[PDB]
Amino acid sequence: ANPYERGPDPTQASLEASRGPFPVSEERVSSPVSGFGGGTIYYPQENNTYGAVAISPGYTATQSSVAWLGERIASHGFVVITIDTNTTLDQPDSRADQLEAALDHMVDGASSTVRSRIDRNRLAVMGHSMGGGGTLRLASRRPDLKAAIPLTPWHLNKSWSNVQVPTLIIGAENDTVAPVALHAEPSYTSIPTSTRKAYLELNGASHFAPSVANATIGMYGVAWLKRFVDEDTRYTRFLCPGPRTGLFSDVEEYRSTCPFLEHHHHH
């Protein structure tokens, strides 16, 4: 059976809840750290190896705008760094470099407590807005990553025809900053159909929906990471065919390259 599985069997209820099943502790990153502005590493207290996730905030924002996400995701069994960027005005491709440097810091710069809890073969990135653009760029050039989740992404580039990393893009229907028509949707469509991918558009939502605790983002974010960072097929049933859409849905639409096919071993 899958040795990367962690935590009890998921339900809709457990994934929509404020916290996952794992108590978490934090490590503040040193002042001058190489390649990014600083951050907070959230890690399960329970001594095991977990996947690791770097999360970038957006233009004019700090780690505080994605702090909820780092704690919520860590509590489902992941090591998560929420970064500050060099400056709050850094553009998406700079945020891509800073996400990569944060991954390097978790495996090669953090305490033994942190390094010992990471399976460094199993890594993911996430980001809000320009951080979401950074997620796409880094994914484009690191096909070794297990997952990428751009949240209401902004990037001047719409063409991601090289991305092989399983990618879940969350768009916000009423986004006026990074309209899904100009960013999320063309970016999604350009990703090769051979890539495991999905696009979840939040009904009614604005650009800033990922900057505060959201049950839909939390549920689908966690389930994506479980499915791909942990290869956890207990989570496939939430992703494929995916959430109910329409008028009383929190989801306006959902696209995917479902089904998501598994590999396996015999004991």
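Don't overthink the numbering: it's just position in the shown sequence, from 1.
Trainee: Check the entry's C-alpha temperature factors for 12-20 and 239-247, then say which stretch has the higher mean.
Mentor: On average, C-alpha B-factors are higher across 239-247.
Trainee: Test of understanding: from the entry's C-alpha B-factors, which stretch has the higher mean, 72-80 or 85-93?
Mentor: Averaging CA B-factors over each stretch, the winner is 85-93.
Trainee: Say you rank 64, 56, 216, 233 by Cα B-factor from the PDB entry; which sits at the top?
Mentor: Answer, based on the entry's C-alpha B-factors: 64.
Trainee: Considering only modelled residues of the same chain, in which third does the CA B-factor of residue 40 rank: lowest, middle or highest?
Mentor: It belongs to the lowest third of the chain when residues are ordered by C-alpha B-factor.
Trainee: Taking the chain's C-alpha temperature factors as the reference, tell me which third residue 109 falls into: lowest, middle or highest.
Mentor: Highest third.
Trainee: Can you tell me which third, lowest, middle or highest, the CA B-factor of residue 117 falls into for its chain?
Mentor: Middle third, going by the recorded CA B-factors of the chain.
Trainee: Name the third of the chain's ranked CA B-factors that contains residue 226, choosing lowest, middle or highest.
Mentor: Lowest third - that is where residue 226 ends up once the chain's C-alpha B-factors are sorted.
Trainee: Determine, from the deposited record, the chain-internal third of the Cα B-factor for residue 158: lowest, middle or highest.
Mentor: It belongs to the highest third of the chain when residues are ordered by C-alpha B-factor.
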